[PDB]
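Accompanying notes for the structure given below.
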Amino acid sequence: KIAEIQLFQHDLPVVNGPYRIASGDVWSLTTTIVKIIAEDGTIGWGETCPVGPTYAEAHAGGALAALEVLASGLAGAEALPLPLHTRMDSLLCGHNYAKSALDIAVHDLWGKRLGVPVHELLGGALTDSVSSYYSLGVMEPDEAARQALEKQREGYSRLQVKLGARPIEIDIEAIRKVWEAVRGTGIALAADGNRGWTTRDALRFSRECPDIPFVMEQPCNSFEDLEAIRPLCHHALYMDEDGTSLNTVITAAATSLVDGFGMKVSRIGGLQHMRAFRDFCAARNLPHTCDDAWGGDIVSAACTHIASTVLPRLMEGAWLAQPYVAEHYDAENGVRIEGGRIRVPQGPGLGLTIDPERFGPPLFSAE
Amino acid sequence: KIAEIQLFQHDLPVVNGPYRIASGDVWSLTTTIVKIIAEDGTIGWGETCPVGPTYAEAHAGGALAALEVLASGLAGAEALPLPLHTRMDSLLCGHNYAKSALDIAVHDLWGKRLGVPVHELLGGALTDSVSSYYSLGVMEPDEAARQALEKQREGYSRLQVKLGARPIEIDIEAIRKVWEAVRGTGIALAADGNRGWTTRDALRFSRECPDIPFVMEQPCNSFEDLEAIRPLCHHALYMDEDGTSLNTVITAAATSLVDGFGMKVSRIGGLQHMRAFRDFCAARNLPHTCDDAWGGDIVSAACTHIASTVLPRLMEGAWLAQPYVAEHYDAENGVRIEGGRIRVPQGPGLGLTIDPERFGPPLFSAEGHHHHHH
Amino acid sequence: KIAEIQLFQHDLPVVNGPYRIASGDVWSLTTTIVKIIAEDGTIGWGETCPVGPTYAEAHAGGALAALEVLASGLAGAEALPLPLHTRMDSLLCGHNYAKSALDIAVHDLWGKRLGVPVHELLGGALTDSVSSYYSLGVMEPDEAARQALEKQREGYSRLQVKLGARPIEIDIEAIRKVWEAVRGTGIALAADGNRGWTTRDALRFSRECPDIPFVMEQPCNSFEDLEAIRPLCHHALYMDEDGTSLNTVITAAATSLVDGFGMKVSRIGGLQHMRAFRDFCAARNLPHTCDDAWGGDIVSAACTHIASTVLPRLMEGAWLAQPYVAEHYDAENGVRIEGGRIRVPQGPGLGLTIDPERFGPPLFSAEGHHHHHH
Amino acid sequence: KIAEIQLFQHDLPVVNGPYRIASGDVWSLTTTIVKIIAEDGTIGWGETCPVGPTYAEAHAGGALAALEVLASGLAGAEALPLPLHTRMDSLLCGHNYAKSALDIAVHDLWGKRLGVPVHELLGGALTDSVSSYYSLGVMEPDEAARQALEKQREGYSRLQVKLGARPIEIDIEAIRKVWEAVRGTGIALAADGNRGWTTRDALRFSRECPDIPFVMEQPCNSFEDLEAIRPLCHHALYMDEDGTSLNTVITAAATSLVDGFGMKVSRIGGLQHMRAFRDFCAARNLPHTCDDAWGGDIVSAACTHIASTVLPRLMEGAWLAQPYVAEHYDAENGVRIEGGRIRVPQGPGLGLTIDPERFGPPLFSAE
Amino acid sequence: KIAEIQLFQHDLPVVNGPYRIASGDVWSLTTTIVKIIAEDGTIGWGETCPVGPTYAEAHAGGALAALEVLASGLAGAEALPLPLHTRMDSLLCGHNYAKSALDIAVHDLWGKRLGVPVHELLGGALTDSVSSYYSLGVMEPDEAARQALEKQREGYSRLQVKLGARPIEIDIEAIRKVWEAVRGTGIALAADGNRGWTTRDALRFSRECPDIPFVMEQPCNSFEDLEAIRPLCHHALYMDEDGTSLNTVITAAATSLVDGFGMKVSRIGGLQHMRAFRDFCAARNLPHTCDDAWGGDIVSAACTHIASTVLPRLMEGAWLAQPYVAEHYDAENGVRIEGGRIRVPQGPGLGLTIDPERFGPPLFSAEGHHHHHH
Ligand SMILES: [Mg+2]
Ligand SMILES: [Mg+2]
Ligand SMILES: [Mg+2]
Ligand SMILES: [Mg+2]
Ligand SMILES: [Mg+2]
Ligand SMILES: [Mg+2]
Ligand SMILES: [Mg+2]
Ligand SMILES: [Mg+2]
Ligand SMILES: [Mg+2]
Ligand SMILES: [Mg+2]
């Protein structure tokens with residue numbers, strides 16, 4: 001049973017920032033960290049870190065406020081996923097990104113109690129290393145082409161080119177220059193509009209580039225706009241920002257609106273829901289990423305554990321903010337991308353050993 | 001231009017509570033108040049008050065947290081609706097219920113500057129008084145039928161019966177008993193499932209009651225569930241909780257998914273978006289309410305002003321929390337439901353005079369590029 | 001790691017048989033049992049038992065033949081769900097009902113290794129006891145109404161009336177008589193057509209009985225037939241036999257073809273897929289059962305463990321063959337329906353202790369890269 | 001009336017194997033042979049041979065087990081197609097591939113009794129020779145191009161290129177190299193994904209190759225995925241693996257989901273159902289093949305007889321495993337591909353004379 | 001090989017006529033008979049007989065004209081179904097009702113050559129006797145109810161009530177009176193609108209009679225009209241006149257437009273196409289009849305042979321003109337309805353022996369590449 005919950009926040013400056021996105025650039029991020037303490041004194045860590053306040057319907061102050069409400073009613077709840085989510089949903093409607101942090105912490109605590117990695121609790125890892133993909137922030141076409149080649153040479157299996165908040169002509173220039181730089185290396189390519197394109201411009205982006213094998217990731221602002229362009233674009237379409245619940249995913253998958261997903265653990269509400277999402281995609285043969293918005297070692301561990309349980313043929317990559325984060329929470333064991341790939345942790349829980357005072361005194365504590 | 005913004009919270013205990021909802025009951029509510037101060041010293045007031053944390057994706061602590069972000073980036077902005085919303089959207093994605101409070105305050109400030117009521121700024125009132133509807137919490141069928149007749153007798157033109165969080169047969173019993181009590185009085189009837197029914201049970205509710213003239217208000221948990229039952233229910237269907245943006249409303253109206261709406265000002269993001277919603281419903285001949293989740297005189301004034309601008313034949317009623325709120329913010333001018341109807345305010349702005357210290361010291365304030373946690 | 005796999009078959013005569021189904025009656029059943037032995041000597045048990053050879057695309061000889069293929073390729077594999085299913089799918093396409101038995105055994109082994117009940121591995125039980133439903137075989141209308149009241153009186157929360165293989169007017173007579181016997185008791189009612197009705201007759205069944213609150217469970221023979229009647233029937237529609245994979249379930253739920261499911265663990269391919277199914281139904285607010293075709297304590301334990309993890313408002317009941325099965329495999333711990341409900345096991349794994357020789361010598365065994373026909 | 005049923009199995013090593021398919025490669029196949037004996041002592045032969053256990057929901061041990069159940073309840077049934085299927089369906093739900101073998105045997109027995117070829121019983125042959133198509137197993141792009149030209153020169157009217165279980169880039173390379181080798185010869189081309197492609201990759205396959213006139217055969221894993229790509233691919237789409245019943249075919253044909261079919265006799269449940277399938281396709285002007293999964297002379301004869309009754313303009317070819325099978329069951333008369341074409345048998349029944357002991361003693365016999 | 005083809009016409013006055021149809025009444029009918037003679041002297045007989053010139057796109061003079069074209073191009077062709085239809089389609093587009101007669105004759109010849117009944121060539125009879133249905137012409141409601149009971153008492157398993165060419169209220173009166181007379185007897189009921197109803201009136205017919213278990217057979221004039229009413233009628237809908245080819249049937253079955261068919265052998269183009277139709281309906285679990293427009297023993301034998309091959313639960317009945325036909329072509333073996341059922345013939349071919357001069361001298365004959373108008 002959960003005995004105590006502590007909340008903290010921590011600044012994560014963007015190494016070589018800003019990191020530039022159609023829906024809003026970021027210079028520094030404020031992560032929200034949860035520590036759950038069981039009646040036996042063992043602890044589990046969780047984390048949620050929105051990519052600033054305009055990427056999605058989520059912000060650092062919102063995480064903390066929601067987590068205060070959740071934490072205030074969670075003492076005595078069983079530290080297992082279904083009992084946890086049952087209690088959380090009785091306390092607060094929605095706020096998946098906040099609930100995610102407590103879900104992560106429960107999986108950490110559960111794995112530590114049973115002496116198994118989180119990937120075991122999620123059904124069993126299929127691999128001991130996972131692929132990643134690199135995200136090029138919005139930048140000059142020439143710089144994107146340069147960095148694309150560089151990251152291919154580092155060993156990334158896939159590259160995501162962020163686009164938008166500028167004329168579509170320049171986005172098309174950027175994707176052509178990137179493709180010219182990396183064609184024949186076999187690296188996979190995603191064009192991410194981050195909700196930034198009118199249907200007018202998304203139609204043009206696809207029409208002009210039949211022989212560039214990108215997938216279009218969330219080109220347009222709404223689910224309905226994805227529906228508008230779907231029958232008129234011969235390139236694959238992925239959902240990202242619109243995938244705000246398992247219910248909405250089921251609507252998209254069942255109607256074959258999309259060919260795949262960028263999926264964030266916090267958006268969907270934690271590992272409990274991410275594992276259902278994984279199983280949905282496996283049933284439907286839909287590729288997907290295993291990401292979160294941002295974060296340090298705790299988020300990185302959560303993504304890596306779930307990524308390890310995905311059929312490699314469907315796993316498009318686990319993106320991590322790690323390259324943009326200066327300091328590990330666990331200096332020796334924190335997950336890191338090496339050669340464009342990530343080693344799966346094999347110790348109990350998330351595989352982290354973080355000093356209970358790593359983040360200073362709690363901002364809030366319940367029980 | 002906005003010179004300063006102050007945020008407050010205030011407790012509103014429910015008069016004769018609790019107020020019982022299928023998605024979660026409420027005993028007492030924390031409202032979040034905004035005061036905007038113009039460079040010239042004039043003030044405008046706004047308010048947002050979720051009905052606890054489980055009724056919608058909204059809570060009092062979330063209102064405050066979002067308003068801190070918004071307030072921190074608003075000094076210097078023009079107190080006009082479109083400039084305001086452009087700025088707010090650049091500072092924070094979504095959180096309509098928080099943005100609503102600043103929108104209301106801006107409309108108050110703007111009306112006071114020009115010397116006209118908010119209803120004028122919204123295009124002009126079509127009436128000096130508006131209809132309301134009474135919402136029966138979930139309660140025993142027999143208690144429901146009694147209270148239904150009582151409220152019809154008070155003069156309410158419409159009754160909403162809250163249902164759910166119990167077997168469907170009890171909901172059907174309750175709607176039948178209510179109908180038996182009020183049939184022949186001409187009172188309009190809504191059956192509010194509060195997102196609480198499976199499609200199984202929504203189908204049964206309609207199927208068993210062809211001769212009871214309810215509309216089914218948000219019977220099921222999702223937009224997709226509304227789509228499922230729509231072709232299979234011969235009773236009118238209204239959207240409420242799922243109407244989370246103008247975009248989503250346009251998707252529903254354009255596809256004729258629904259025959260009307262329960263609409264809350266906070267959910268849609270303030271009066272600027274409510275006025276667009278009104279115009280969309282007028283174009284589509286779709287009836288709607290003009291409500292909010294909860295609140296005192298500031299929210300009630302906002303709802304009444306927009307309600308006054310709706311063609312009465314399409315205005316299903318402005319529901320107010322006022323009967324459940326113990327104290328007015330403005331004892332002279334605060335809106336009250338009288339005989340099931342509401343008199344439209346005629347002063348400048350929202351038509352309220354509220355002491356600048358009515359809610360105590362601020363919790364938070366922003367002036368220029370600085371902010372202060374008090 | 002899996003060291004050895006043994007296969008057995010065992011006869012289960014129907015207590016007071018036959019058990020009468022529209023797609024084919026059953027007098028006695030041959031169950032197929034799997035025992036997995038870990039390198040450390042711990043054992044896990046699984047089971048699959050078709051209701052004869054005509055109820056589904058499944059039969060006892062087919063279970064054994066498929067398990068021989070699967071078992072022959074499984075030594076050395078990790079006894080974890082995802083590794084197991086990846087391996088099984090590489091050895092044999094489809095045959096979910098066979099794969100289910102190995103899935104169950106793996107969950108038993110895994111729970112025993114970690115010292116926790118299967119319901120914990122499935123995310124955590126939400127309850128210490130689960131509801132059940134009673135299934136009335138096809139029988140005279142008058143016998144049906146009598147037995148319906150009898151089973152309501154025992155405490156069952158739900159009754160399934162099997163129908164078909166006779167004129168539709170007799171099915172309608174039977175559902176009306178049953179309803180007249182139990183109406184007012186609050187017991188839920190399902191009308192199971194067992195794939196046996198033409199669309200002609202399904203339309204009539206619903207059309208004639210608007211005030212009888214049944215759900216129609218798999219009235220017709222195909223997915224396409226469900227699609228045909230869906231827009232024309234105002235009663236809820238549930239899928240059963242057509243739910244042959246998670247993919248197909250997603251097609252049905254996503255298009256709102258159905259309002260719920262009868263689901264069998266063997267049909268969907270084991271607990272790993274049942275847990276996904278549960279999560280899909282939770283996301284879509286779709287009620288479902290947690291059943292299997294037939295079986296003894298191993299199947300019954302599997303169903304009860306998954307059932308314990310479902311929100312009670314969406315769990316239509318865990319049907320067990322247990323009342324029709326003469327003998328327990330584990331006399332101490334084998335699950336029994338008591339007062340129409342089932343106590344959730346709390347021991348490690350499935351919560352069973354079954355003698356390694358309970359089913360006699362193996363018919364087949366695999367260890368490493370060798371197999372043996374006994 | 002049927003007096004006795006005997007079951008046998010027989011090994012068929014793949015000549016120059018393995019034979020390589022996206023859904024699973026095969027090195028040797030185990031066929032299941034049925035002999036029905038009438039009350040007058042005359043016999044009919046049937047056969048079913050899954051292409052290993054992961055191609056479809058079918059396997060050699062499953063055939064035998066199902067056939068045991070069927071055989072155990074078939075004594076006394078009339079040896080005519082509708083009475084047979086009526087009895088079989090009363091004994092066992094589904095298992096079309098098993099039922100197929102008994103159906104074939106009944107057509108053989110029926111033709112022998114009446115002294116007419118099976119093609120007469122199926123409505124009358126329209127031709128005395130039929131076209132075939134050759135199936136290139138998954139192989140290197142260069143090797144495929146080489147073998148494609150070779151098989152065109154042998155006289156095949158159509159070539160099927162098996163693809164998948166590798167990056168789509170290589171599949172596209174393979175089809176372009178094949179097309180470069182055979183363009184202008186007029187040979188028809190099919191690209192068979194064998195369920196191996198995500199919708200992402202099937203969209204790309206078509207988009208990149210508008211001027212290569214392939215049909216895409218079962219590119220994706222499910223019926224729903226075929227539905228997803230149909231409005232977004234300007235190449236013709238054929239169903240193969242998803243055509244598991246006449247009911248499902250009717251859904252696909254009636255909704256114009258597909259432009260044609262790869263159809264296997266065993267999948268659809270025998271010649272009785274294949275002849276209905278033929279008539280459906282004729283009504284809808286949909287081309288189709290006349291195939292089975294694998295097998296020796298008995299299967300080959302069944303395919304050839306039904307193929308002979310198809311309007312040549314709609315008959316895409318009868319594929320036979322015969323080139324991969326070392327030994328005929330009937331050395332003198334077993335059907336064989338010659339010059340890419342197959343001579344239609346003209347004797348009674350299937351046109352086979354097989355020693356009653358050709359396969360050794362029965363594994364099982366009923367009555 | 002076909003050596004010679006002879007064509008005849010013969011008058012069939014309606015016994016106790018006229019026979020009244022919404023699309024046009026009939027007093028007497030001209031049948032068109034084909035005799036095919038094989039190179040070896042064996043003969044096969046076929047027949048086609050429209051119900052006058054306004055019931056369908058077909059008439060006796062058109063049958064003869066089309067048969068002259070077909071016959072002129074058929075000498076030397078193999079008397080097997082697929083070779084025949086390939087040849088016929090190369091000579092003349094459409095005219096199924098004419099082609100049917102040659103198809104029937106070929107099946108007769110083929111059966112006689114092999115020494116087996118036509119039902120064997122069609123895959124094997126599943127029964128030694130088949131059900132029939134009686135068709136009540138349009139008549140006063142009271143006369144309809146009387147005759148309905150009379151025919152139920154004779155043993156008919158199903159009754160078709162012809163309707164239309166009068167106000168819909170009279171049709172509704174008639175179906176209600178009929179139902180009141182036969183309800184409780186278990187007799188199946190079809191309401192045949194004969195293409196005669198506007199969608200307005202079809203909607204009313206169904207709407208007013210939810211508790212009368214008719215199927216609506218071809219209520220409206222077009223395929224599009226069936227599509228219009230389908231989503232708005234809770235009674236089963238059957239296609240008849242619109243089922244003009246296998247292609248069109250596949251369009252209807254595949255889209256679940258209908259729940260069954262009235263099917264005529266001549267309309268679909270003969271037994272080869274009827275057998276395909278049967279197999280399509282079996283795959284889709286769609287009930288159907290096995291009828292033809294009119295005719296004597298040759299048509300009746302054809303219908304009975306195909307009917308014998310249909311699963312009895314899907315065979316709604318083989319309607320025959322036989323009760324309205326004064327004279328048999330074969331007095332010994334001609335099929336007769338007895339107790340509402342028909343005994344399946346068991347001789348070779350159609351099971352008929354008809355004198356080669358039964359219909360007088362030929363009107364037309366073809367041998368080799370020559371033809372003769374007599
Ligand atoms: Mg993205
Ligand atoms: Mg005025
Ligand atoms: Mg509401
Ligand atoms: Mg417990
Ligand atoms: Mg209706
Ligand atoms: Mg069932
Ligand atoms: Mg195009
Ligand atoms: Mg293929
Ligand atoms: Mg016979
Ligand atoms: Mg008719």
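Within every chain, numbering begins at 1; the chains are lettered A, B, ... in the order of the sequence lines, protein sequences first and strands thereafter. We count ligands from 1, going down the list as the structure has it; atoms in each ligand are counted the same way.
With salt bridges taken as basic N to acidic carboxylate O contacts below 4.0 Å, one links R230(B) and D259(B). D292(B) and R267(B) are not joined by a salt bridge, as no carboxylate oxygen comes within less than 4.0 angstrom of a charged side-chain nitrogen. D242(B) and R195(B) are joined by a salt bridge, as a carboxylate oxygen and a charged side-chain nitrogen come within less than 4.0 angstrom of each other.
Near the Mg ion (ligand 5), less than 2.8 Å away, sit the protein N, O or S atoms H234(B) NE2, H234(C) NE2, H234(E) NE2. Listed by chain and number, the protein N, O or S atoms at a distance under 2.8 Å from the Mg ion (ligand 3) are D192(B) OD2, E217(B) OE2, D240(B) OD2.
The shortest non-hydrogen separation linking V26(B) to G52(B) is CG1-N, 3.9 Å. Between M216(D) and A202(D), the shortest heavy-atom distance links the atoms SD-O, 4.1 Å. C290(B) and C303(B) get closest at one heavy-atom pair: O-CB, 3.7 Å.
In summary, the aromatic rings of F261(B) and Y238(B) are positioned with their centroids too far apart to meet the 6.0 Å limit.
When only modelled atom types and interatomic distance are considered, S135(B) and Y19(B) share a side-chain donor-acceptor pair under 3.5 Å. With hydrogens and angles left out, the side-chain atoms of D291(B) and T289(B) include a donor and acceptor closer than 3.5 Å.
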